[PDB]
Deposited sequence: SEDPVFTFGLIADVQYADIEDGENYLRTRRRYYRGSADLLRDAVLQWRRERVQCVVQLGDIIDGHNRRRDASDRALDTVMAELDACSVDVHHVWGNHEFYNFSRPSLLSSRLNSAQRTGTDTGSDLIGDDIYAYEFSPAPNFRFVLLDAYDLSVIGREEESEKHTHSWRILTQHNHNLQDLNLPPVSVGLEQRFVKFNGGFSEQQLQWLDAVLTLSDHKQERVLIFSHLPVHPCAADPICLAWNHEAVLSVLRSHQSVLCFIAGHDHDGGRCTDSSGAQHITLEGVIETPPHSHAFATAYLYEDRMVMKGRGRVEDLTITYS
């Protein structure tokens, strides 16, 4: 009998445009079909009587900005999610920032923050307890970024210095500085977590340790190299791992961004899960899950491209 049950989905990236491809032309992007997959996920979550949904970001594509349709695209996906009739928690990813400024995002339906939060500090991160002995933490992986901060701000300048110290492709910072190894991550479509944000995460986890809570952490960007392609990792992913490895309360770290997905268990026992992306899923397939938190284990039931997973608690 589960303590708590929630839906999970990543990288819907809806747009009312014809199918496209990724840069390397190795994956197709099913922009319109994403809304059909989202509608079906919602139907399934309704049957399951889920208590909330967490969506891992890139809910609408940056192409919407280029066709001046950002608001109508967001309306479309919000209408599908509203049909579920439960709280939806929204992680902000790179495509959110391509479409909207932070003040716009804060005033929008994508602000699910309303535990503790960092909104007053201009960081979109928050934590709450959905059920006894469990805690959810949503992180802002574009806290340090050039795409999610205002030109001339302290944080944008800091982020630009970090990015361009590692990536000399000033003419197109979406191109990685190398083709092999972890330095690929230093691209404009990624970001990192500020010292302020990490100090807060570390504090949340210390308190969770002492309360014997199990903590689930959600981020648009993955942080463990075993769980995602290096080009998809947070800029300071190792700083995050160092925090997680310090705390037995960490149950799992769940991310989107790498549409291929990935998963692994850290040497600490913490599970990293990178959800397969809806946008690169064809209509004959699927990509979403429902997670069940029991007193002794978490079971994730995946559909289509997402495989099931069970985490037995330490």
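Asks: So, counting the deposited sequence from position 1, which segments are absent from the coordinates?
Replies: No C-alpha for residues 1-2, 117-122.
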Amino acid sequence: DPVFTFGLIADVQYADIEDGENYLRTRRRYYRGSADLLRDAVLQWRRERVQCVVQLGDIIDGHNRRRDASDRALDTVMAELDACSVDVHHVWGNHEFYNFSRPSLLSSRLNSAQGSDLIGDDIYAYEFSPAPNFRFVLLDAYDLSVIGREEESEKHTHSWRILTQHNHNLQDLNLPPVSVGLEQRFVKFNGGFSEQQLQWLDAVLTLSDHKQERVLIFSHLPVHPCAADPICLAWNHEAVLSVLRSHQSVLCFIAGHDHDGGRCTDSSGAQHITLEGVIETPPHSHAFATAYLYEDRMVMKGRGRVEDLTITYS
From here on, numbers count along this sequence of modelled residues.
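Asks: Just say lowest, middle or highest third for the CA B-factor of residue 61 relative to the other modelled residues in its chain.
Replies: For residue 61, the deposited C-alpha B-factor lands in the middle third.
Asks: Ordered by C-alpha B-factor within the chain, which third holds residue 292? Give me lowest, middle or highest, please.
Replies: Middle third by C-alpha B-factor.
Asks: Name the third of the chain's ranked CA B-factors that contains residue 76, choosing lowest, middle or highest.
Replies: Within its chain, residue 76 is a highest-third residue by C-alpha B-factor, going by the deposited values.
Asks: What third of its chain's C-alpha B-factors does residue 67 belong to: lowest, middle or highest?
Replies: Middle third.
Asks: Can you work out whether the C-alpha temperature factor of residue 237 puts it in the lowest, middle or highest third of the chain?
Replies: Bottom third by C-alpha B-factor.
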